[PDB]
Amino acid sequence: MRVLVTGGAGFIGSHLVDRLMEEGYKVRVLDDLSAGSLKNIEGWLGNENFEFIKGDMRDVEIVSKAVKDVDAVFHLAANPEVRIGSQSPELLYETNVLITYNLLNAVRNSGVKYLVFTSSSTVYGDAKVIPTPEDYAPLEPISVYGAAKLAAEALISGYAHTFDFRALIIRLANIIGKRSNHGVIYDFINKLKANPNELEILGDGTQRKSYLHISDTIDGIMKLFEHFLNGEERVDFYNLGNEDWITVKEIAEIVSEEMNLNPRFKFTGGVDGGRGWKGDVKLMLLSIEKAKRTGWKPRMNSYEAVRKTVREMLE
C-alpha cells in the first residue's frame, strides 16, 4: 500500500510518517515546507519506500501527480493557526478549504481508496455539551479556522459518496509534542527564552482544553485507520483527545517549572470574554468513547502530556 501524507514534513505529519514507515507502508510526502522542515523527516530521505515532493497544494498539477499510484491519502496539510483568522482569513481558507478541494478533485479520478483527514475540535464551536460527542450539533464554529475545517469535512464526505472512496474524519483536540512550531507551549518557551522575568499570557488564563501528546495521537490515528479499513462505513467520524483538560495558567506554571524559571505572569485579559483572540474557544474536551472502542486510550493525561512536551522541546 502506498499512502500519501500531505503536510508530512510538519509536526503531526512527520510523526505519522515515522509510524507509517516503521509499519512498512510506502509513504509519499507532499509538503511546501511553508511550516514544515526536512529536519522533521530527514531520517527517511532516500529510503526505498519513501518519496518527498516539495509542492504547494494550491498547484493543481502537483496535487494530481502526488496522488498517482496511491491507495490511501492522509491529508494533514493546513495552516493550523486559529489566531490569524481575524486578520488573515483568506490564508486559512486557502490552506484548509481550497487545497482540500484540490486534493479531492485529484483523488476523484484516481485509485485512491481511503482518505483520512485531521479535522479539529473547533468544528464544535463553543460546545454546550462537554465531553463533546461526535454527534453534537448544530455545528457552529466561531473561528475562520474551525469553519474552514468543517468545510473541508463536508467536501470530503460529498466526494467520498459521489466518487466511491471511503473517508475517515478524525477531530483532534490540542495535539502537543516534539517538532511543533505552533501553540501555547512553544510560545511560552520562546517568551521565557527572551525574558525569564515576565510571561505574557493571552486571555484570562482560564481557557481550559484537552491536550493529547503526539505519541498517543499517532497511536490513535493508526488504530482508528485500521478499524476503519476493516469496516464498511463510507464516512466515519471520530474524536481524538484526552480524558481530562487543563488551563492556560497551569500550562504556564508547568512551562516555568520545567525551565527552572520564576516569571511574573501578566495576563492580557483577552477579548470576547477572556479568550486569547477572536475565535479562541474557551472550553474544550472531546468524548473519546467511540475511539476507545478500538482498544485505544491515552497513555498520558493532559498534565503529563504538557510536561513531557516541554521537556522534549527543551532538548
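Residue positions are given as counts along the sequence shown, with the first one as 1.
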Using only the Cα atoms and their B-factors as the entry lists them, report which of 166-174 and 185-193 averages higher.
185-193
If you average the Cα B factors in the entry, which is higher, 115-123 or 82-90?
82-90
Per the deposited B-factor column, the C-alpha that peaks among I99, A147, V73, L199 belongs to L199
When the CA B-factors of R28, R275, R58, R264 are compared as recorded in the entry, which is the largest?
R264
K223: which third of its chain by C-alpha temperature factor?
highest
According to the PDB entry, is the CA B factor of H15 in the bottom, middle or top third of its chain, that is, lowest, middle or highest?
lowest
Once the chain's modelled residues are ordered by C-alpha B factor and cut into thirds, is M1 in the lowest, middle or highest one?
highest
Among the modelled residues of this chain, does the Cα B factor of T247 put it in the lowest, middle or highest third?
highest
If you rank the chain by CA B-factor, which third does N109 end up in: lowest, middle or highest?
highest
